[PDB]
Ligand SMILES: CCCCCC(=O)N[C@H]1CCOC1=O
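This document starts with one chain, in the form solved without this ligand, laid out as structure tokens.
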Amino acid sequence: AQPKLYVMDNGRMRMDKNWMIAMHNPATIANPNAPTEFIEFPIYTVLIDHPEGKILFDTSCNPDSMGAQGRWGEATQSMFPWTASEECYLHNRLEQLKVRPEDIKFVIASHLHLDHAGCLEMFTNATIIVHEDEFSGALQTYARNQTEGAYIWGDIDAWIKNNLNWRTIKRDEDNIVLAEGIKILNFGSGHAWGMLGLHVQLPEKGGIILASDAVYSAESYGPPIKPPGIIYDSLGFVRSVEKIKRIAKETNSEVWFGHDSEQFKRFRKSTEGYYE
């Protein structure tokens, strides 16, 4: 048995382009009221069907995110609307691959934002792997009863109700081997409090770095590096992009970005196949 890697399409989000690429079109004396753009980008997840056990990188958005009775706050829904047909929901993408959520051994939470941790609550047999400081930060938003923003109260509530098995990656812990050719990369603070990536070595495809929101897009990645409009730790963000570039070169790996529309079009998706 050999691994197969799947890219699952979990719909699309839109938002002010400045969130993705800070100051992408600044006002000038000639164009003082420069309008921004409302860009569309993909939300996706990666399943590695590995002989040692199934590994899921990220979990997309909860199906109960949007709408008047949705878990996401109304301002959040207005600034980051998520559009997804039933087929796009992670539970349906998995069902079409005949993969039971009960058979997922590990889930890597790159971070705990609304569009990456939305379906953690499905995976009650998995070890949920997360950066310790990201876990702390998200839990504080919950304890403070925050109803708006990128950390979703109702999602966190469900994680606790469902008694998930958590494994926290310590801030000083890196290059954590989970299975043959599967290694967690600890990027630390930058985009959020604590970012994790994944390096996957496939027999045929070779090396892949799942960067998630440590690098939103090829435009972010550069050079030159272009940071996002809201950033927790700007210096850490730059260091993390530099680290990813270094690992990519040393290991001859492709870097898969968090939300790059053009790159995502190129992926073979789970409705067509997989990477071996």
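All residue numbers are counted from 1 along the displayed sequence.
In what follows, reference is made to the form solved in complex with this ligand, a form of this protein that is not presented.
With the partner left out here, this ligand still marks one of 106 to 114, 93 to 101, 168 to 176, 119 to 127 in the deposited complex; by a 4.5 Å heavy atom cut-off that stretch is 106 to 114. Between the options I184, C88, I156, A150, the residue in contact with this ligand in the deposited complex by a heavy atom within 4.5 angstroms is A150. Proximity of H259 to this ligand in the deposited complex: non-hydrogen atoms within 4.5 Å are present. Put simply, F41 is close to this ligand in the deposited complex: some heavy atom of it is within 4.5 Å.
Taking the partner from elsewhere, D213 is found to have a heavy atom lying within 4.5 Å of this ligand in the deposited complex.
Contact between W193 and this ligand in the deposited complex is not found at the 4.5 Å heavy atom cutoff.
For the three residues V7, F264 and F267, a heavy atom within 4.5 Å of this ligand turns up in the deposited complex in no case.
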